[PDB]
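Report on the following structure.
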Amino acid sequence: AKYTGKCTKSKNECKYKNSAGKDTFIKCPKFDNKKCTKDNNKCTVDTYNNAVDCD
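So for the sequence shown, our numbering puts the first residue at 17; every next one is plus one.
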């Protein structure tokens, strides 16, 4: 667990609020460990498993 994020399948990208305050958004490919789902689906920010924030 880290932060709560949300990604839109429309743009296949996720974005969340960080300490900096600057909204950060990043798109993910169609490969494994890079899938995109509903915003509230299961989008989260993690770096332990090298997994990207997209869901």
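The C-beta atom is built at its ideal place from N, Cα and C for all residues, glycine as well.
Item, Value
"Euclidean distance between Cα positions of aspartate 71 and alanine 36", "22 Å"
"Proximity of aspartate 62 and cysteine 30 at Cβ, strictly below 8 Å", "no"
"Contact check, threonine 53 vs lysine 25, beta carbons under 8 Å", "yes"
"Alpha-carbon to alpha-carbon, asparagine 65 and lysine 27", "24 Å"
"DSSP bridge partner residues for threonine 20 (one or two, in chain order)", "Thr60"
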